[PDB]
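As provided, coords37.tsv (TSV, C-alpha atoms and all ligand atoms) reads as follows.
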```tsv
chain	number	residue	atom	x	y	z
A	446	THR	CA	0.00	0.00	0.00
A	447	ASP	CA	2.95	2.38	0.50
A	448	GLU	CA	3.69	2.67	-3.24
A	449	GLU	CA	1.24	4.22	-5.72
A	450	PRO	CA	-2.22	2.59	-5.74
A	451	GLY	CA	-2.11	1.30	-9.31
A	452	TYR	CA	-3.28	3.96	-11.76
A	453	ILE	CA	-3.68	1.68	-14.77
A	454	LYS	CA	-4.90	4.00	-17.53
A	455	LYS	CA	-7.53	1.93	-19.33
A	456	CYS	CA	-10.16	3.10	-21.81
A	457	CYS	CA	-13.86	2.87	-20.99
A	458	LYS	CA	-16.67	2.15	-23.43
A	459	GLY	CA	-20.32	1.63	-22.59
A	460	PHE	CA	-23.82	3.02	-22.22
A	461	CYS	CA	-23.33	4.79	-18.89
A	462	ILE	CA	-20.09	6.39	-20.09
A	463	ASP	CA	-22.04	7.79	-23.03
A	464	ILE	CA	-24.70	9.09	-20.63
A	465	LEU	CA	-21.91	10.73	-18.62
A	466	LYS	CA	-20.41	12.30	-21.75
A	467	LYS	CA	-23.77	13.67	-22.89
A	468	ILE	CA	-24.62	15.15	-19.48
A	469	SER	CA	-21.12	16.62	-19.22
A	470	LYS	CA	-21.53	18.27	-22.63
A	471	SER	CA	-24.96	19.61	-21.66
A	472	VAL	CA	-23.74	20.90	-18.27
A	473	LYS	CA	-20.07	21.70	-19.11
A	474	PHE	CA	-18.32	19.96	-16.22
A	475	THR	CA	-15.22	17.76	-16.38
A	476	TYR	CA	-14.50	14.61	-14.40
A	477	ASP	CA	-11.72	12.64	-12.75
A	478	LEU	CA	-13.19	9.20	-13.45
A	479	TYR	CA	-11.96	6.18	-11.50
A	480	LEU	CA	-13.00	2.67	-10.48
A	481	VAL	CA	-13.41	1.39	-6.91
A	482	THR	CA	-11.59	-1.65	-5.54
A	483	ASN	CA	-14.75	-3.03	-3.89
A	484	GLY	CA	-16.23	-4.23	-7.18
A	485	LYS	CA	-19.81	-3.91	-5.90
A	486	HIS	CA	-22.61	-1.40	-6.36
A	487	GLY	CA	-22.77	-1.22	-2.56
A	488	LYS	CA	-24.35	-2.96	0.42
A	489	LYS	CA	-24.41	-2.07	4.11
A	490	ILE	CA	-21.43	-3.91	5.62
A	491	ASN	CA	-22.06	-3.62	9.38
A	492	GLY	CA	-23.53	-0.15	8.90
A	493	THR	CA	-20.85	0.81	6.36
A	494	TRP	CA	-21.28	1.17	2.59
A	495	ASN	CA	-18.91	0.14	-0.19
A	496	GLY	CA	-18.36	0.56	-3.91
A	497	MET	CA	-20.56	3.25	-5.41
A	498	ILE	CA	-22.37	4.00	-2.15
A	499	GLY	CA	-19.22	3.70	-0.05
A	500	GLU	CA	-17.35	6.21	-2.20
A	501	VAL	CA	-20.28	8.62	-2.52
A	502	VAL	CA	-21.07	8.59	1.21
A	503	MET	CA	-17.44	9.25	2.13
A	504	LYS	CA	-17.45	11.76	-0.78
A	505	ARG	CA	-14.19	10.45	-2.24
A	506	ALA	CA	-16.22	10.29	-5.46
A	507	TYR	CA	-18.87	12.93	-6.10
A	508	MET	CA	-21.18	10.77	-8.23
A	509	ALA	CA	-21.49	7.09	-9.12
A	510	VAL	CA	-22.31	5.70	-12.57
A	511	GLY	CA	-23.18	2.28	-13.94
A	512	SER	CA	-26.20	0.01	-13.60
A	513	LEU	CA	-27.35	1.16	-10.17
A	514	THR	CA	-30.88	0.41	-9.01
A	515	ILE	CA	-32.99	2.79	-6.94
A	516	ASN	CA	-34.12	1.31	-3.61
A	517	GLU	CA	-35.11	2.78	-0.26
A	518	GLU	CA	-32.01	1.41	1.50
A	519	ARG	CA	-29.69	3.17	-0.94
A	520	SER	CA	-31.74	6.38	-0.80
A	521	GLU	CA	-31.09	6.58	2.96
A	522	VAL	CA	-27.53	7.83	2.42
A	523	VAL	CA	-27.56	9.03	-1.23
A	524	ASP	CA	-30.06	10.54	-3.66
A	525	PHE	CA	-30.99	9.27	-7.11
A	526	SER	CA	-32.03	11.23	-10.18
A	527	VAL	CA	-34.89	10.19	-12.47
A	528	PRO	CA	-34.04	6.65	-13.64
A	529	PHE	CA	-33.18	6.47	-17.34
A	530	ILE	CA	-33.72	2.77	-18.12
A	531	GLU	CA	-36.25	0.39	-16.60
A	532	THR	CA	-35.22	-2.81	-14.82
A	533	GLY	CA	-36.34	-5.10	-12.02
A	534	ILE	CA	-37.07	-8.75	-11.44
A	535	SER	CA	-38.20	-10.36	-14.69
A	536	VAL	CA	-38.69	-13.73	-16.35
A	537	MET	CA	-36.59	-15.34	-19.10
A	538	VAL	CA	-38.08	-18.15	-21.18
A	539	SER	CA	-36.92	-20.54	-23.89
A	540	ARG	CA	-38.61	-20.37	-27.28
A	541	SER	CA	-41.19	-23.02	-28.18
A	542	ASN	CA	-41.63	-24.36	-31.70
A	543	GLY	CA	-44.94	-24.05	-33.50
A	544	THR	CA	-47.82	-26.48	-33.25
B	742	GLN	CA	-60.98	-4.88	-22.00
B	743	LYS	CA	-62.70	-4.46	-25.36
B	744	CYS	CA	-60.61	-7.06	-27.28
B	745	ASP	CA	-61.66	-5.55	-30.64
B	746	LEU	CA	-59.10	-2.73	-30.38
B	747	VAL	CA	-55.44	-3.76	-30.60
B	748	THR	CA	-52.29	-1.94	-29.55
B	749	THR	CA	-49.23	-1.79	-31.80
B	750	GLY	CA	-45.82	-0.21	-32.13
B	751	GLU	CA	-42.64	-0.74	-30.12
B	752	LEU	CA	-42.45	1.25	-26.90
B	753	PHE	CA	-40.97	4.61	-27.90
B	754	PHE	CA	-40.67	7.45	-25.39
B	755	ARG	CA	-39.99	5.03	-22.55
B	756	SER	CA	-40.85	7.15	-19.51
B	757	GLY	CA	-42.83	7.00	-16.28
B	758	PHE	CA	-45.78	8.62	-14.57
B	759	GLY	CA	-45.46	10.65	-11.41
B	760	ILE	CA	-47.45	12.76	-8.97
B	761	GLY	CA	-46.35	16.34	-9.61
B	762	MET	CA	-46.32	18.90	-6.83
B	763	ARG	CA	-44.93	22.32	-6.03
B	764	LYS	CA	-41.20	22.84	-5.57
B	765	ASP	CA	-41.24	24.37	-2.08
B	766	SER	CA	-43.67	21.95	-0.40
B	767	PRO	CA	-41.84	19.42	1.80
B	768	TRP	CA	-43.59	16.08	1.12
B	769	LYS	CA	-41.37	15.34	-1.90
B	770	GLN	CA	-38.72	13.16	-0.25
B	771	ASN	CA	-41.28	11.38	1.95
B	772	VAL	CA	-43.59	10.88	-1.05
B	773	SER	CA	-40.77	9.34	-3.08
B	774	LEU	CA	-39.70	7.14	-0.16
B	775	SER	CA	-43.26	5.86	0.31
B	776	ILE	CA	-43.64	5.19	-3.42
B	777	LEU	CA	-40.39	3.22	-3.45
B	778	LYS	CA	-41.51	1.27	-0.38
B	779	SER	CA	-44.80	0.42	-2.09
B	780	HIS	CA	-42.86	-0.72	-5.16
B	781	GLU	CA	-40.63	-2.95	-3.03
B	782	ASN	CA	-43.28	-4.77	-0.97
B	783	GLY	CA	-45.67	-5.51	-3.85
B	784	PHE	CA	-48.46	-3.09	-2.91
B	785	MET	CA	-48.19	-1.59	-6.40
B	786	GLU	CA	-48.55	-5.15	-7.71
B	787	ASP	CA	-51.79	-5.48	-5.74
B	788	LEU	CA	-52.97	-2.22	-7.31
B	789	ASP	CA	-52.04	-3.48	-10.79
B	790	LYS	CA	-53.97	-6.71	-10.16
C	742	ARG	CA	-27.25	-10.98	-27.73
C	743	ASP	CA	-27.90	-14.71	-27.67
C	744	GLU	CA	-25.84	-16.65	-30.20
C	745	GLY	CA	-29.06	-17.63	-31.99
C	746	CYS	CA	-31.74	-15.63	-30.16
C	747	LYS	CA	-33.45	-18.88	-29.19
C	748	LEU	CA	-34.97	-17.39	-26.01
C	749	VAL	CA	-37.49	-14.66	-25.15
C	750	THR	CA	-38.42	-12.02	-22.56
C	751	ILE	CA	-41.84	-11.36	-21.02
C	752	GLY	CA	-44.71	-9.01	-21.87
C	753	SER	CA	-42.29	-6.80	-23.83
C	754	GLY	CA	-41.77	-5.05	-20.50
C	755	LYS	CA	-44.71	-5.82	-18.20
C	756	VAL	CA	-42.50	-6.19	-15.14
C	757	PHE	CA	-43.03	-7.29	-11.55
C	758	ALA	CA	-41.51	-5.03	-8.88
C	759	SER	CA	-40.62	-2.40	-11.47
C	760	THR	CA	-37.60	-0.20	-10.76
C	761	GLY	CA	-35.08	1.90	-12.66
C	762	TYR	CA	-31.35	2.30	-13.16
C	763	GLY	CA	-30.14	5.80	-12.35
C	764	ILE	CA	-27.32	8.06	-11.18
C	765	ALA	CA	-26.03	8.48	-7.62
C	766	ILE	CA	-25.47	11.99	-6.25
C	767	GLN	CA	-24.19	13.37	-2.97
C	768	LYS	CA	-26.83	14.23	-0.38
C	769	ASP	CA	-28.82	17.22	-1.69
C	770	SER	CA	-26.09	18.72	-3.85
C	771	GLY	CA	-26.83	21.56	-6.24
C	772	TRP	CA	-26.07	19.32	-9.21
C	773	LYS	CA	-29.18	17.14	-8.75
C	774	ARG	CA	-31.56	19.60	-10.42
C	775	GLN	CA	-29.27	20.25	-13.37
C	776	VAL	CA	-28.62	16.58	-14.11
C	777	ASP	CA	-32.35	15.83	-13.70
C	778	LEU	CA	-33.26	18.45	-16.31
C	779	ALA	CA	-30.41	17.29	-18.57
C	780	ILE	CA	-31.60	13.67	-18.49
C	781	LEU	CA	-35.21	14.73	-19.10
C	782	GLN	CA	-34.00	16.87	-22.02
C	783	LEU	CA	-32.09	13.99	-23.60
C	784	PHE	CA	-35.25	11.91	-23.17
C	785	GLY	CA	-37.30	14.59	-24.91
C	786	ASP	CA	-34.85	15.11	-27.77
C	787	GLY	CA	-34.83	11.36	-28.45
C	788	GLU	CA	-31.12	10.50	-28.41
C	789	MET	CA	-31.66	7.79	-25.80
C	790	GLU	CA	-33.81	5.43	-27.88
C	791	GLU	CA	-31.08	5.19	-30.51
D	495	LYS	CA	-47.19	35.33	-22.43
D	496	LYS	CA	-46.22	31.69	-21.79
D	497	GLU	CA	-49.31	30.68	-19.83
D	498	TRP	CA	-50.29	27.24	-18.58
D	499	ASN	CA	-53.63	25.47	-18.27
D	500	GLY	CA	-54.75	22.07	-17.05
D	501	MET	CA	-53.43	20.40	-13.92
D	502	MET	CA	-50.13	22.31	-14.02
D	503	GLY	CA	-51.92	25.53	-14.96
D	504	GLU	CA	-53.98	25.27	-11.79
D	505	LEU	CA	-51.02	24.04	-9.72
D	506	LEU	CA	-48.50	26.82	-10.41
D	507	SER	CA	-51.31	29.16	-9.36
D	508	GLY	CA	-51.44	27.23	-6.07
D	509	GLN	CA	-55.10	26.19	-6.33
D	510	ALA	CA	-54.17	22.52	-5.85
D	511	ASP	CA	-51.39	20.76	-3.95
D	512	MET	CA	-50.67	17.39	-5.61
D	513	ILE	CA	-51.53	16.07	-9.07
D	514	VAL	CA	-52.52	12.41	-8.75
D	515	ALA	CA	-53.11	11.43	-12.37
D	516	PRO	CA	-51.27	9.75	-15.27
D	517	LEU	CA	-48.93	12.71	-15.74
D	518	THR	CA	-45.91	12.06	-17.96
D	519	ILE	CA	-42.45	13.04	-16.72
D	520	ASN	CA	-40.45	15.22	-19.12
D	521	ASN	CA	-38.21	18.28	-19.21
D	522	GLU	CA	-40.74	21.00	-20.04
D	523	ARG	CA	-43.05	20.21	-17.13
D	524	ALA	CA	-40.22	19.73	-14.61
D	525	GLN	CA	-39.17	23.39	-14.98
D	526	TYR	CA	-42.15	24.68	-12.98
D	527	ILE	CA	-43.05	21.60	-10.89
D	528	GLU	CA	-41.26	18.70	-9.26
D	529	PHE	CA	-42.00	15.02	-9.78
D	530	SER	CA	-41.94	12.19	-7.28
D	531	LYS	CA	-40.09	9.03	-8.19
D	532	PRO	CA	-41.96	7.28	-11.03
D	533	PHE	CA	-44.72	5.02	-9.72
D	534	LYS	CA	-45.57	3.40	-13.07
D	535	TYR	CA	-43.27	2.90	-16.07
D	536	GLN	CA	-44.78	3.13	-19.53
D	537	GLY	CA	-44.24	3.85	-23.21
D	538	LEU	CA	-46.11	5.36	-26.14
D	539	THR	CA	-48.00	3.14	-28.58
D	540	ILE	CA	-50.88	3.07	-31.08
D	541	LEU	CA	-54.39	1.66	-31.19
D	542	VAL	CA	-56.01	0.33	-34.34
D	543	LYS	CA	-59.35	-1.41	-34.72
D	544	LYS	CA	-58.77	-5.15	-34.89
E	801	LIG	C1	-41.14	12.62	6.66
E	801	LIG	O1	-41.03	11.41	7.38
E	801	LIG	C2	-40.08	11.49	8.46
E	801	LIG	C3	-40.00	10.10	9.06
E	801	LIG	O2	-38.68	9.81	9.51
E	801	LIG	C4	-40.52	12.55	9.47
E	801	LIG	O3	-39.49	12.71	10.44
E	801	LIG	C5	-39.99	12.39	11.76
E	801	LIG	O4	-40.92	13.39	12.21
E	801	LIG	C6	-41.48	13.10	13.50
E	801	LIG	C7	-42.49	14.18	13.78
E	801	LIG	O5	-42.41	15.23	12.82
E	801	LIG	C8	-40.38	13.02	14.55
E	801	LIG	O6	-40.95	12.60	15.79
E	801	LIG	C9	-40.76	13.61	16.81
E	801	LIG	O7	-41.99	13.84	17.50
E	801	LIG	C10	-41.99	14.78	18.62
E	801	LIG	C11	-42.79	16.01	18.22
E	801	LIG	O8	-42.76	16.13	16.80
E	801	LIG	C12	-40.55	15.09	19.06
E	801	LIG	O9	-40.57	15.72	20.33
E	801	LIG	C13	-39.76	13.78	19.14
E	801	LIG	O10	-38.50	13.99	19.76
E	801	LIG	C14	-39.62	13.14	17.76
E	801	LIG	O11	-38.34	13.56	17.27
E	801	LIG	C15	-39.30	12.02	14.13
E	801	LIG	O12	-38.20	12.08	15.03
E	801	LIG	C16	-38.81	12.32	12.72
E	801	LIG	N1	-37.85	11.31	12.29
E	801	LIG	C17	-36.84	11.57	11.47
E	801	LIG	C18	-35.94	10.42	11.13
E	801	LIG	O13	-36.65	12.69	11.01
E	801	LIG	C19	-40.77	13.89	8.78
E	801	LIG	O14	-41.36	14.80	9.70
E	801	LIG	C20	-41.69	13.72	7.57
E	801	LIG	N2	-41.82	14.98	6.85
E	801	LIG	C21	-42.86	15.27	6.06
E	801	LIG	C22	-42.83	16.61	5.40
E	801	LIG	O15	-43.78	14.47	5.88
E	802	LIG	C1	-37.37	-26.38	-33.02
E	802	LIG	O1	-37.25	-25.87	-34.36
E	802	LIG	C2	-35.90	-25.62	-34.76
E	802	LIG	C3	-35.96	-24.99	-36.13
E	802	LIG	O2	-34.72	-25.12	-36.81
E	802	LIG	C4	-35.11	-26.93	-34.73
E	802	LIG	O3	-33.75	-26.66	-35.07
E	802	LIG	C5	-35.18	-27.56	-33.35
E	802	LIG	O4	-34.55	-28.84	-33.37
E	802	LIG	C6	-36.64	-27.72	-32.92
E	802	LIG	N1	-36.71	-28.25	-31.56
E	802	LIG	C7	-36.59	-29.55	-31.28
E	802	LIG	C8	-36.69	-29.92	-29.83
E	802	LIG	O5	-36.41	-30.39	-32.15
```

Using structure tokens, write down the structure that the file contains.
Amino acid sequence: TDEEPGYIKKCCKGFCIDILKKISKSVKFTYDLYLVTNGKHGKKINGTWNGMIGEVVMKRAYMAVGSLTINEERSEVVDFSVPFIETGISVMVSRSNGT
Amino acid sequence: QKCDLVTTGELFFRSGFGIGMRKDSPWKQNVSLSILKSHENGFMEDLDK
Amino acid sequence: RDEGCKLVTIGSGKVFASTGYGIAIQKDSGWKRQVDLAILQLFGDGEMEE
Amino acid sequence: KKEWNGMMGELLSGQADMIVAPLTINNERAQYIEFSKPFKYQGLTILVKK
């Protein structure tokens, strides 16, 4: 941990990055974008948050991007904007041939 | 209901409804919290049924 | 993105326990309003669907 | 003069307090109102006689 926490410059490509680029263009704000070592969207670990919620609560990162749901537990410590895509618990089926 | 009128077209303008209310009135956060709670526990499913 | 699209979804989006994916902001920052209006604008303009 | 009518027209005047109705979230309305978290997701479609 004494040496530099690895700053591997990678390139990012996805839907949420495009959302971020569009909102940045519309609002004219730049961003130091980085990824968290937790690897989770965030759950209450003994009253402590991690990942997106952990970084936002401790304010090391101002905002969190990605596929983040909106639930009442998360809204306790952070606030969510109007959701842009619709998700939830859904059913996946195999196709059936004709009869 | 009627079964002689049929819907068509892929869902464009994918959005959501919402109860709109004045900016300065304070129920907003509590209203949103209650709506999310109703979504979580299936009360909205009971309404849909 | 199935290798043959041999499976299907449900109701074309008639979902149980419906929810949304969104952005996470600090507690009651001044940015929340601006990003809300920006996202609603991009919805209205129609870039999202494509 | 950019005047409003309808539910929002009577709300910005303060006659009412909360619109409980299938009101669609978008940018133009959100300027002069605020919207709770969406309680029913939906899209736009067409009817034709079968
Ligand atoms: C939104 O919901 C909130 C629920 O947490 C609510 O906060 C709670 O408000 C009650 C009463 O307003 C507080 O109870 C207090 O009751 C007496 C007299 O009011 C006090 O002497 C007590 O000490 C006690 O604090 C809750 O403490 C309070 N809880 C929290 C977490 O804030 C808001 O009032 C609601 N706001 C709106 C606009 O609906
Ligand atoms: C269903 O139809 C497809 C059409 O090519 C066929 O390949 C498949 O074998 C059929 N299912 C079964 C169980 O035979």

What's the 7 Å shell around stretch 452-469 of chain A, counting all atoms listed in the file, without same-chain residues fewer than 6 positions away, as a compact mmCIF listing (two decimals) with C-alpha atoms, in the coordinates of the input?
```txt
# COMPACT_ATOMS: atom_id res chain seq x y z
CA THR A 475 -15.22 17.76 -16.38
CA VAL A 510 -22.31 5.70 -12.57
CA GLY A 511 -23.18 2.28 -13.94
CA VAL C 776 -28.62 16.58 -14.11
CA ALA C 779 -30.41 17.29 -18.57
```

Distance filter 9 Å, only C-alpha atoms, chain A against chain C, as a PyMOL selection string = chain A and resi 464+467-468+471-472+497-498+501-502+504+506-516+522-541

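Any residue of chain B with an atom within 10 Å of chain A counts; using only C-alpha atoms, that gives residues 755, 756, 757, 770, 773, 774, 775, 776, 777, 778, 780 and 781 of chain B.
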
Selected residues, C-alpha atoms, written as an mmCIF file, keeping the file's coordinate frame, please.
```cif
data_model
loop_
_atom_site.group_PDB
_atom_site.id
_atom_site.type_symbol
_atom_site.label_atom_id
_atom_site.label_comp_id
_atom_site.auth_asym_id
_atom_site.auth_seq_id
_atom_site.Cartn_x
_atom_site.Cartn_y
_atom_site.Cartn_z
ATOM 1 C CA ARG B 755 -39.990 5.030 -22.550
ATOM 2 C CA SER B 756 -40.850 7.150 -19.510
ATOM 3 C CA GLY B 757 -42.830 7.000 -16.280
ATOM 4 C CA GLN B 770 -38.720 13.160 -0.250
ATOM 5 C CA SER B 773 -40.770 9.340 -3.080
ATOM 6 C CA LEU B 774 -39.700 7.140 -0.160
ATOM 7 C CA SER B 775 -43.260 5.860 0.310
ATOM 8 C CA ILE B 776 -43.640 5.190 -3.420
ATOM 9 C CA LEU B 777 -40.390 3.220 -3.450
ATOM 10 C CA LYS B 778 -41.510 1.270 -0.380
ATOM 11 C CA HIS B 780 -42.860 -0.720 -5.160
ATOM 12 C CA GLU B 781 -40.630 -2.950 -3.030
#
```

query = Can you tell me how far atom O3 of ligand LIG 801 (chain E) sits from atom CA of residue B:772, in Å to one decimal?
reply =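 Distance reported for this atom pair: 12.3 Å.
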
request  = Would you kindly report the residues of chain D within 10 Å of chain A, using only C-alpha atoms, as a VMD selection string?
outcome  = chain D and resid 519 529 to 532 535 to 536

task = List the neighbours of residue A:451 out to 12 Å using all atoms listed in the file; skip same-chain residues closer than 5 positions along the sequence, and give me the result as JSON, numbers by chain.
result = {"A": [446, 479, 480, 481, 482]}

What residues in chain D lie within 8 Å of chain B, counting only C-alpha atoms, written as a PDB file with C-alpha atoms, in the coordinates of the input?
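Final output, out_6.pdb:
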```
ATOM      1  CA  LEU D 505     -51.020  24.040  -9.720  1.00  0.00           C
ATOM      2  CA  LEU D 506     -48.500  26.820 -10.410  1.00  0.00           C
ATOM      3  CA  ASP D 511     -51.390  20.760  -3.950  1.00  0.00           C
ATOM      4  CA  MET D 512     -50.670  17.390  -5.610  1.00  0.00           C
ATOM      5  CA  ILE D 513     -51.530  16.070  -9.070  1.00  0.00           C
ATOM      6  CA  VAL D 514     -52.520  12.410  -8.750  1.00  0.00           C
ATOM      7  CA  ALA D 515     -53.110  11.430 -12.370  1.00  0.00           C
ATOM      8  CA  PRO D 516     -51.270   9.750 -15.270  1.00  0.00           C
ATOM      9  CA  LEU D 517     -48.930  12.710 -15.740  1.00  0.00           C
ATOM     10  CA  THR D 518     -45.910  12.060 -17.960  1.00  0.00           C
ATOM     11  CA  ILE D 519     -42.450  13.040 -16.720  1.00  0.00           C
ATOM     12  CA  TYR D 526     -42.150  24.680 -12.980  1.00  0.00           C
ATOM     13  CA  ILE D 527     -43.050  21.600 -10.890  1.00  0.00           C
ATOM     14  CA  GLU D 528     -41.260  18.700  -9.260  1.00  0.00           C
ATOM     15  CA  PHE D 529     -42.000  15.020  -9.780  1.00  0.00           C
ATOM     16  CA  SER D 530     -41.940  12.190  -7.280  1.00  0.00           C
ATOM     17  CA  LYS D 531     -40.090   9.030  -8.190  1.00  0.00           C
ATOM     18  CA  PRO D 532     -41.960   7.280 -11.030  1.00  0.00           C
ATOM     19  CA  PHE D 533     -44.720   5.020  -9.720  1.00  0.00           C
ATOM     20  CA  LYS D 534     -45.570   3.400 -13.070  1.00  0.00           C
ATOM     21  CA  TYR D 535     -43.270   2.900 -16.070  1.00  0.00           C
ATOM     22  CA  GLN D 536     -44.780   3.130 -19.530  1.00  0.00           C
ATOM     23  CA  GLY D 537     -44.240   3.850 -23.210  1.00  0.00           C
ATOM     24  CA  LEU D 538     -46.110   5.360 -26.140  1.00  0.00           C
ATOM     25  CA  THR D 539     -48.000   3.140 -28.580  1.00  0.00           C
ATOM     26  CA  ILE D 540     -50.880   3.070 -31.080  1.00  0.00           C
ATOM     27  CA  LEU D 541     -54.390   1.660 -31.190  1.00  0.00           C
ATOM     28  CA  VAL D 542     -56.010   0.330 -34.340  1.00  0.00           C
ATOM     29  CA  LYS D 543     -59.350  -1.410 -34.720  1.00  0.00           C
ATOM     30  CA  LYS D 544     -58.770  -5.150 -34.890  1.00  0.00           C
TER      31      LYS D 544
END
```

Give me the box for ligand LIG 802 (chain E) as JSON, namely the centre and edge lengths in Å to one decimal of a box along x, y and z that holds every listed atom plus 4 Å on each side.
```
{"center_x": -35.6, "center_y": -27.7, "center_z": -33.3, "size_x": 11.6, "size_y": 13.4, "size_z": 15.0}
```

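The space between atom CA of residue A:519 and atom CA of residue A:489 spans 9.0 Å.
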
inquiry  = Please report the interatomic distance between atom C2 of ligand LIG 801 (chain E) and atom CA of residue C:771 in Å with one decimal.
reply    =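 These atoms are spaced 22.2 Å apart.
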